[PDB]
Amino acid sequence: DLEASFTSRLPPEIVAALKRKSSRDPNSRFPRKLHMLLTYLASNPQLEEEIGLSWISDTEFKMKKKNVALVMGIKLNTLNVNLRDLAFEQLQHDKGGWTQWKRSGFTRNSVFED
DNA sequence: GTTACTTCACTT
DNA sequence: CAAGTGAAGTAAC
Ligand SMILES: [Zn+2]
Ligand SMILES: [Zn+2]
Ligand SMILES: [Zn+2]
Ligand SMILES: [Zn+2]
Ligand SMILES: [Zn+2]
Ligand SMILES: [Zn+2]
Ligand SMILES: [Zn+2]
């Protein structure tokens, strides 16, 4: 009912890119999925609220992993595993479900490497 | 066969 | 307890 309200409210394109299997195509990878998500929520304030994924500066974002794992279709645990293995660096302990982050070359208008 | 995850049942 | 570990798996390429 919640994921249903989340995905049902975001564009078919994003739902599909989120559903797409991760291969060697860089757009199919987790960083760019996070990035397209982040980029889009930037324009949908209401959804950005409900989900909890937004930039706090040109280089840091905060999120509610519990909700982000949902809209992305992955267990909480795999979300953490992906942040860990892709070199996202946590800048804050969980507080009311919010966590903060940064990753080199991952900004408002850039997603580097792979 | 490779790659880029994905998941689970613990542990910390 | 939120987040990490180690072993095992999945499927597009
Ligand atoms: Zn982007
Ligand atoms: Zn689902
Ligand atoms: Zn094979
Ligand atoms: Zn415990
Ligand atoms: Zn591991
Ligand atoms: Zn393995
Ligand atoms: Zn394996």
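Worth knowing before you read on, the calculation uses all heavy atoms, side chains too, and leaves out hydrogens, waters and symmetry mates. Below, chains carry the letters A, B, ... as their sequence lines are ordered, and counting in each starts from 1.
A salt bridge (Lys or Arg N to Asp or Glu O under 4.0 Å) check over residues 100-114 of chain A, counting only residues at least two apart or in different chains, returns the pairs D58(A)-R108(A), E89(A)-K102(A). Applying the salt bridge (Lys or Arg N to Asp or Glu O under 4.0 Å) test to every pair with at least one member in residues 43-56 of chain A, sequence neighbours left out, gives these pairs: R9(A)-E50(A). Legend: salt bridge (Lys or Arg N to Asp or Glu O under 4.0 Å) pairs involving residues 18-28 of chain A, not counting sequence neighbours, sorted by first then second residue: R20(A)-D25(A). Pairs of residues two or more places apart, or lying in two chains, that qualify as side-chain hydrogen bond (donor to acceptor under 3.5 Å, both in side chains) and include a residue from residues 60-74 of chain A are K65(A)-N80(A).
Nucleotides of DNA chain B lying under 4.0 Å from heavy atoms of chain A occupy a range whose first and last members, 5' to 3', are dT2(B) to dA9(B).
Scored by the side-chain contact (heavy atoms from CB on, under 4.5 Å) test, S22(A) finds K33(A) as partners (sequence neighbours excluded). Partners of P11(A) according to the side-chain contact (heavy atoms from CB on, under 4.5 Å) rule, which considers only residues two or more places apart in sequence or in another chain, are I14(A), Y40(A). Residues passing the side-chain contact (heavy atoms from CB on, under 4.5 Å) test with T39(A) are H35(A), sequence neighbours excluded. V71(A) pairs by the side-chain contact (heavy atoms from CB on, under 4.5 Å) definition with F6(A), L37(A), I51(A), not counting sequence neighbours.
Atom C1' of nucleotide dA2(C) and atom CD of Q92(A) are separated by 13 Å, given to the nearest angstrom. Whole-Å rounding puts the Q100(A) CD to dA3(C) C1' distance at 17 Å. Separating the NZ atom of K95(A) from the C1' atom of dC1(C) is a distance of 18 Å, rounded to the nearest angstrom.
Taking the side chain as every heavy atom from C-beta outward, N44(A) and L10(A) never approach each other to under 4.5 Å. For the pair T59(A) and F106(A), the minimum side-chain heavy-atom distance is 4.5 Å or more.
If you check residues 15-37 of chain A against DNA chain C, the residues with a heavy atom closer than 4.0 Å are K21(A), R24(A), listed by number.
Residues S110(A) and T107(A) bring a donor and an acceptor atom of their side chains to less than 3.5 Å of each other. Between the side chains of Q92(A) and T99(A), no donor-acceptor pair is found at a separation under 3.5 Å.
Remark on the helix from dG1(B)-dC13(C) to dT12(B)-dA2(C): inter-end axis angle 20°, axes from five-pair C1' superpositions, rounded to 10°.
To the nearest 0.5 Å, atoms CZ (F30(A)) and CG (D85(A)) are separated by 10.5 Å.
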A correct 5'-to-3' footprint of nucleotides 4-9 of chain C, with B, S and - meaning base, sugar-phosphate only and no protein heavy atom under 4.0 Å, is BB----

